[PDB]
Chemist: 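What follows is a single structure, and I will ask about it in a moment.
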Amino acid sequence: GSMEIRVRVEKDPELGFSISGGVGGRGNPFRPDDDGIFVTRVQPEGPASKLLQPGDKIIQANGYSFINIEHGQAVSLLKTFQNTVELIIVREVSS
Amino acid sequence: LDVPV
């Protein structure tokens, strides 16, 4: 199934994860059909350690919607924020 | 290419 999760990540000075996807982006390693923004790698001793995992779909960040967001806009937002970033993600969970 | 943030 799926679930939404709030995730706070404190930049130090990066978030410590990578993303792929977005409208106008090249897709993602997880779902062919989805234009969403997906977490693809998490630095193991970085700020997102234990909080995010590859395959998490970002649908909001500091109150900005990431649903069908363009690739460049998502990168710009995440890179522009400072200090704390409050994410909402959709995580797939084992049946 | 993924993008580190």
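Note that these values count all heavy atoms, side chains included, but never hydrogens, waters or copies made by symmetry. Naming: A, B, ... by sequence-line order, numbering from 1 per chain.
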Chemist: Quick one: are A/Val90 and A/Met3 in side-chain contact, heavy atoms under 4.5 Å?
Modeler: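 No; the side chains remain at least 4.5 Å from each other.
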Chemist: When you compare the side chains of A/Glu10 and A/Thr84, does any donor N or O come within less than 3.5 Å of an acceptor on the partner?
Modeler: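 No - no donor-acceptor pair under 3.5 Å links their side chains.
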Chemist: Does A/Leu78 share a hydrophobic cluster with A/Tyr64, counting links as ILVMFWY side-chain heavy atoms below 4.5 Å and allowing steps through other members?
Modeler: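 Yes, A/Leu78 and A/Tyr64 fall within the same hydrophobic cluster.
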Chemist: Is any side-chain heavy atom of A/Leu77 less than 4.5 Å from a side-chain heavy atom of A/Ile69?
Modeler: yes
Chemist: A/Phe17: what forms a ring pair (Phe, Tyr, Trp, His ring centres under 6.0 Å) with it, not counting sequence neighbours?
Modeler: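 Here no residue qualifies.
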Chemist: Using every non-hydrogen atom in the two residues, find where A/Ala48 and A/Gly16 come nearest and quote the distance to one decimal.
Modeler: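 Smallest heavy-atom distance, with atoms named: CB-O, 4.3 Å.
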Chemist: Hey, could you give me the CD/CZ distance between A/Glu86 and A/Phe81, rounded to the nearest 0.5 Å?
Modeler: 10.5 Å
Chemist: Does any non-hydrogen side-chain atom of A/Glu92 lie less than 4.5 Å from one of A/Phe30?
Modeler: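 With C-beta onward as the side chain, the pair stays apart.
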Chemist: Can you pull the salt bridge (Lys or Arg N to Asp or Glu O under 4.0 Å) pairs that have at least one residue in residues 40-69 of chain A, sequence neighbours excluded?
Modeler: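 Qualifying pairs: A/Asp34-A/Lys57, A/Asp56-A/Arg91.
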Chemist: Got a sec, which residues hit ring pair (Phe, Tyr, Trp, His ring centres under 6.0 Å) with A/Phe66, two or more places apart in sequence or on another chain?
Modeler: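 With neighbours one apart ignored, the set is empty.
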Chemist: Examine the side chains of A/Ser18 and A/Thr40 and answer whether a donor and an acceptor come within less than 3.5 Å of each other.
Modeler: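 Yes, side-chain donor-acceptor contact under 3.5 Å.
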Chemist: Sort out for me which residue in A/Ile5, A/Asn62, A/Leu52 forms a side chain to side chain contact (heavy atoms under 4.5 Å, CB included) with A/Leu87.
Modeler: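 Result: among A/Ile5, A/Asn62, A/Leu52, A/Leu52 is the only option passing the side chain to side chain contact (heavy atoms under 4.5 Å, CB included) with A/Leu87.
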Chemist: What's the spacing between A/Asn83 CG and A/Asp12 CG if we round to 0.5 Å?
Modeler: 10.0 Å
Chemist: Rounded at 0.5 Å granularity, tell me how far CD1 in A/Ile58 sits from CD1 in A/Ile89.
Modeler: 8.5 Å
Chemist: Specify the closest pair of heavy atoms between A/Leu15 and A/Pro47, including all atoms of both residues, with the distance to one decimal.
Modeler: O-CB, 3.5 Å
Chemist: How close do A/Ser20 and A/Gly27 get, heavy atom to heavy atom, and via which atoms?
Modeler: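 That closest heavy-atom pairing would be OG-O, 3.6 Å.
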Chemist: Quick one: does A/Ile88's side chain get under 4.5 Å of A/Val7's, heavy atoms only?
Modeler: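 Side chain of A/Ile88 against side chain of A/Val7, heavy atoms only: no contact under 4.5 Å found.
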Chemist: Treat each ILVMFWY residue as a node, draw an edge where side-chain heavy atoms are under 4.5 Å apart, and state whether B/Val5 and A/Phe38 are in one component.
Modeler: no
Chemist: Report yes or no: do A/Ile59 and A/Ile19 belong to one cluster of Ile/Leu/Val/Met/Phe/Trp/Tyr joined by side chain heavy-atom distances under 4.5 Å?
Modeler: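 Looking at the clustering, A/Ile19 is in a separate group from A/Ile59.
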Chemist: Sub-3.5 Å donor-acceptor pair from the side chain of A/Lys11 to the main-chain atoms of A/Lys79, do we have one?
Modeler: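 Such a contact is found between A/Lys11 side chain and A/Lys79 backbone.
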Chemist: Under 4.5 Å between any side-chain heavy atoms of A/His71 and B/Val3, yes or no?
Modeler: yes
